[PDB]
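Chains as they are written, first to last, in PDB author numbering: chain C, 1303 to 1340, 1348 to 1425; chain F, 98 to 613; chain S, 844 to 919; chain Z, 538 to 996.
Heads up, the thing below is written out as structure tokens.
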Ligand SMILES: Nc1ncnc2c1ncn2[C@@H]1O[C@H](COP(=O)(O)O)[C@@H](O)[C@H]1O
Ligand SMILES: *P(=O)(O)OCC(C)(C)[C@@H](O)C(=O)NCCC(=O)NCCS
């Protein structure tokens, strides 16, 4: 599942509810999850390293671990400047295959952790 | 001077296909090269070798090295520009089968643009006495009209290098340092229009897929091809003029109707390359460089309108969005990604419909007209191009293998061709609406045709007969007790009499609110 | 449709299914897959499903207006 | 609608291909085999293939190229056959204007077909279509194989009659022609033992079956000569000599053949029979059953050129009594019949309406009349339809009864006239062979009618 088909919040049951006429109760399910709904600083060394890189790419404040490359300046051209900066920062073979399934700074920090 | 030998930035669309080499880029991992296959009889490999490396030395863009999202030009590249396969030595059928190995490879090939190899001519000299003169050009170097300029220069450089008129001196980087900055007010002024529309732009053309576009590691392009006759072309052109619309607008409208009919949505983005010449030098029609800007045409294709309305509409939409094209499709789609909406135009309409013939006359004379071709355009499911071939017109649909359901681009194209000559052969006051491909609609008429096995009767009629036939036979079983057909029937008929007594009568409605 | 409009028999599941499909339209009845404009869409093209033919219910009882939106008439 | 959708839904037999393909296959397979039989001489597939491809290379030498178009105006014979195959193998579209046709009608078409070359006995580059001798074209180089075509390109432009005032060119794609042909080949099992008879003029599309049907199946197209264009005695000899199995004609030409007694004219080689393009008299199968072979297998076929060679087939072993015309049977595989009202809505069964022919057998349109094509061809939710102007009606078994035309089935100062019932009632007189009727010129706009006697030959 790519990004817009993530359950951007998620839930579970022992057994799905059943509608009067026997269906899975997708009405009740949607509305229960609806009622069950009702950024933060760089703390990790990988988050700081990404903020050094991302800010040097974007020229704009990456004061946030929940920063999203897409909304900040999502371009695949700028992803080359990011790729080069992190390829220098850690000696890792970063690429868009890794990055664009994990496009937020706290999600990408997990890729720096594995040093590959 | 953004001096001739310095590293310099990629022009807008050059970034798009440059990033299209990225292995994880959406339907990336590929060149964006055109591969041309010609046939001709017997042509000198020494003239060809000399011609290829002549046009490289004449035209700096054909020797451009690509690294780091920029282009830097090699004074002479490390890698040879002509792939001579002098197979006059082979047997014919071995040479053919081995040509299929070379063909697939070269035609799908990620060309070595890092080593200056944007342009790669070649020739398999088939021992049937047929020189399959061929041409892999990465469109990174060149606009497809600039590819016919490459053919113009090659045709001359083979025929008579003495007739090569001028080194066309305006350097492509100096043109970019001009034209991009010159248009930059119009880039912002259009970026306004696009920004203010990013939610209201349509989607990608929602065609059917057997693989989602990110989920194949190499888009093997398959061309689909149809040479419209010289006469079909004339009839399109007369009708185009009689409706006041460019021939490119007609094929574009018709394609947008097919794509609409094959999309989940009749509104979608398709990309149009605009082969821009609005720099003041008359040799800008002569420099072999990527003057393309890419236009994000948000086409919106109603039913029920005549084709004449749909094309006048499509032409207004094309000519209007051409004003807004000074902000490039690339940066619009980046702006949509910056808005967090992953729109794209992964389908292209490349209307190379200048009047001269696509292969320019010198090259047609030197070898032959275009025999076959492929476009390896990245991020694009379906690269539809058009080319004048003879005084006829080649329709190319450079689909991607396996991305679509098998047979779909074939069928969808056979329906597109069927439409385009329904536009030759019936006036455009006819409905824009296509037929389905008849074989599909015939299958569906069979499915929908299956006879009514209905022994059409009131819904109870069987049961009250089954009851009269076997009154003791079990009809319902419950927690222990069971009701025979006769019992259920007599009970139901007592209720029925109770209901006529209660003033209920036929077709009037009765709630039933009983535990099972 | 009354109770139904299809029978996909399922002796065994072929590997290209992504959901169990609606089978052949049942005897005496039919399906179209259609555009927003009601024109039939090609094979594999996703569109709205319309049911037709000799199994159709009459309408939404005392609601004629939803019945004219949700039931439609064509040369088909 | 369920029954009619089953019929219109019957799937294509189309091996969807360039119309000529299978003859060039059959020729590469057996160059020795009889493509044609003629006045006394016969022509093999190899001869015809090379002759046609020499004409094609002559035609590319004459600048004819993919879907440009060529008048073909030759005496019936191997020169005519090699000419149309040579136009088709140039990838071009042939415009047969059979040379019996007057120069007056031809001259309307010489511009209207957009016809950029003509084939004749004659070289004359100063003619309106620059005009070429079939024999000088036979002196051309061979194209070693036919020019490549995808099937949707134009194959032929058969021209409708001068009755229209300005003739129209029915431009038929290879796909349309070959869907029709294939869809019929599969019912006829046309094979190496078969020999067709081209009683067809070339400006009539039964010849397109005679050609690409017969020769694509490798069955031999037996030719009458040009001076044999109505010579039923030569046709009878040809059936008996060149052993014809697959008669194909308008029914008047089989009435012409059956006018000759069995002892003089042995048809017992006819394995199956195709009748077309005009009313079959109901009794005609009844007459034909003793004359043709055992397993007589008449087929009566329907529809204009705008839906390929035909669009229907009714097999006849014997007439079921309630037929008042031999119906169009089922629509042919891959093509369809709607019957519509005037307002384009489909009529119910047994209601007379206009016949609309649909699907994988339709003509492109009219060759340079897109404007009239938009009236005679239409597009619905049900896709493309050719509007025949024929009148007819479905039956309860989906059989499609034929009931004349929008012309002919007209008012005359009052009530609608069933002129087919005028024909039938004059044919219900004893001693009538056939009968006919019309509506006339002048301010009175009068009805008119015509009788023909039967003679009953004797010794
Ligand atoms: N079997 C037939 N019986 C009566 N009319 C026919 C028959 N076959 C074709 N026609 C129709 O009468 C005209 C003859 O065909 P055509 O010369 O192709 O235009 C057209 O209007 C046909 O649709
Ligand atoms: P990046 O942010 O620079 O590029 C991302 C992209 C969304 C523009 C890209 O993935 C894409 O969809 N490219 C389309 C390229 C195209 O249509 N080229 C036609 C060349 S004529």
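From the three backbone atoms N, C-alpha and C, an ideal C-beta is built for every residue, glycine too.
Cβ-heavy atom distance, residue i to ligand 1, below 7 angstroms
i                      : result
residue 750 of chain Z : no
residue 218 of chain F : no
residue 713 of chain Z : no
residue 840 of chain Z : yes
residue 878 of chain S : no
residue 932 of chain Z : no
residue 697 of chain Z : yes
residue 971 of chain Z : no
residue 529 of chain Z : Only positions 538 to 996 of chain Z appear in this structure, which leaves residue 529 of chain Z out of reach.
residue 925 of chain Z : yes
Where residue i meets chain Z, residues with beta-carbon distance less than 7 angstroms
i                      : result
residue 528 of chain F : 916
Neighbourhood of residue i by C-beta distance below 6 angstroms, restricted to the same chain and skipping five residues each side
i                       : result
residue 1371 of chain C : 1360, 1363, 1364
residue 119 of chain F  : 125
residue 686 of chain Z  : 555, 628
residue 510 of chain F  : 321, 494
residue 716 of chain Z  : 549, 551, 871, 897, 898
residue 737 of chain Z  : 743, 744, 747
residue 711 of chain Z  : 555, 556, 688, 692
residue 196 of chain F  : 221
Beta-carbon neighbours of residue i, restricted to chain Z and to distances below 9 angstroms
i                      : result
residue 359 of chain F : Within chain Z, no residue comes near residue 359 of chain F; the closest Cβ sits about 15 angstroms away, beyond 9 angstroms.
Cβ shell of residue i (< 8 angstroms), same chain only, five flanking positions each side left out
i                      : result
residue 820 of chain Z : 856
Neighbouring residues, chain F, relative to residue i (Cβ below 7 angstroms)
i                       : result
residue 910 of chain Z  : 522, 523, 524
residue 1382 of chain C : 435
Interface residues of chain C facing residue i [CB-CB closer than 7 angstroms]
i                      : result
residue 122 of chain F : 1385, 1405
Interface partners of residue i on chain S, CB under 7 angstroms
i                      : result
residue 401 of chain F : 880
residue 539 of chain Z : 871, 896
residue 777 of chain Z : Within 7 angstroms Cβ-Cβ: nothing; residue 777 of chain Z doesn't reach chain S, min ~51 angstroms.
Ligand 2 heavy atom lying under 7 angstroms from the CB of residue i
i                       : result
residue 116 of chain F  : yes
residue 288 of chain F  : no
residue 113 of chain F  : yes
residue 299 of chain F  : no
residue 1384 of chain C : yes
residue 126 of chain F  : no
residue 122 of chain F  : yes
residue 493 of chain F  : no
Partners in chain F for residue i, counting only beta-carbon separations shorter than 9 angstroms
i                      : result
residue 906 of chain S : Ordered by position in chain F, no residue passes the 9 angstroms Cβ test against residue 906 of chain S, which lies about 13 angstroms from the chain.
7 angstroms CB neighbourhood of residue i in its chain, flanking five on each side removed
i                      : result
residue 358 of chain F : 531
Contacts of residue i in chain F (Cβ-Cβ under 8 angstroms)
i                      : result
residue 854 of chain S : Those do not exist, as residue 854 of chain S stays about 20 angstroms from chain F at its closest Cβ, beyond 8 angstroms.
Listed by chain order, chain S residues near residue i by CB distance under 8 angstroms
i                      : result
residue 353 of chain F : Per Cβ cutoff of 8 angstroms: no residues; residue 353 of chain F is ~14 angstroms from chain S at best.
residue 550 of chain F : 870, 871
residue 966 of chain Z : Correct list: empty, because the minimum Cβ distance to chain S is about 43 angstroms.
Under 8 angstroms from the C-beta of residue i: neighbouring residues of chain Z
i                      : result
residue 542 of chain F : 542, 543, 545, 546, 873
Interface residues of chain S facing residue i [CB-CB closer than 9 angstroms]
i                      : result
residue 363 of chain F : 878, 879, 880
Amino acids of chain C, ordered along the chain, whose beta-carbon sits closer than 8 angstroms to that of residue i
i                      : result
residue 165 of chain F : 1389, 1393
### Query
Which full runs of the alpha helix (DSSP H) of 4+ residues lie inside the segment 567-655 of chain Z, going along the chain?
582-598, 615-626, 640-649
### Query
In the segment 157-243 of chain F, which residue ranges form an unbroken beta strand (DSSP E) of at least 3 residues, counting only runs that do not cross its ends?
161-164, 167-170, 179-182, 216-223, 227-235
### Task
Determine which residues of the segment 486-502 of chain F have a Cβ less than 8 angstroms from any Cβ of chain S, and write them out in chain order.
502
### Task
Could I get the ranges of all uninterrupted alpha helix (DSSP H) runs contained in the segment 264-299 of chain F, with 4 residues as the minimum, in chain order?
The qualifying runs are 269-279, 281-292.
### Task
Can you give me, in chain order, the residues of the segment 320-338 of chain F that have a beta carbon less than 8 angstroms from any beta carbon in chain Z?
322, 323, 324, 325, 326, 327, 328, 329, 331, 332, 336
### Task
Output the residue ranges of the alpha helix (DSSP H) runs that lie fully inside the segment 413-449 of chain F and measure 4 residues or longer, sorted by chain position.
426-435
### Query
Which ranges would you report for the alpha helix (DSSP H) in the segment 699-747 of chain Z if only whole runs of at least 4 residues count?
711-725
### Runs of beta strand (DSSP E) lying entirely within the segment 839-898 of chain Z, each at least 3 residues, in chain order
849-853, 872-877, 890-896
### Query
For the segment 305-316 of chain F, which residues have a CB atom closer than 8 angstroms to at least one CB atom of chain S, in sequence order?
Look at the segment 305-316 of chain F: the residues with a C-beta under 8 angstroms from a C-beta of chain S are 305.
### Query
Which parts of the segment 301-379 of chain F are runs of the alpha helix (DSSP H), unbroken and 4 residues or longer, counting only runs that do not cross its ends?
327-339, 344-359
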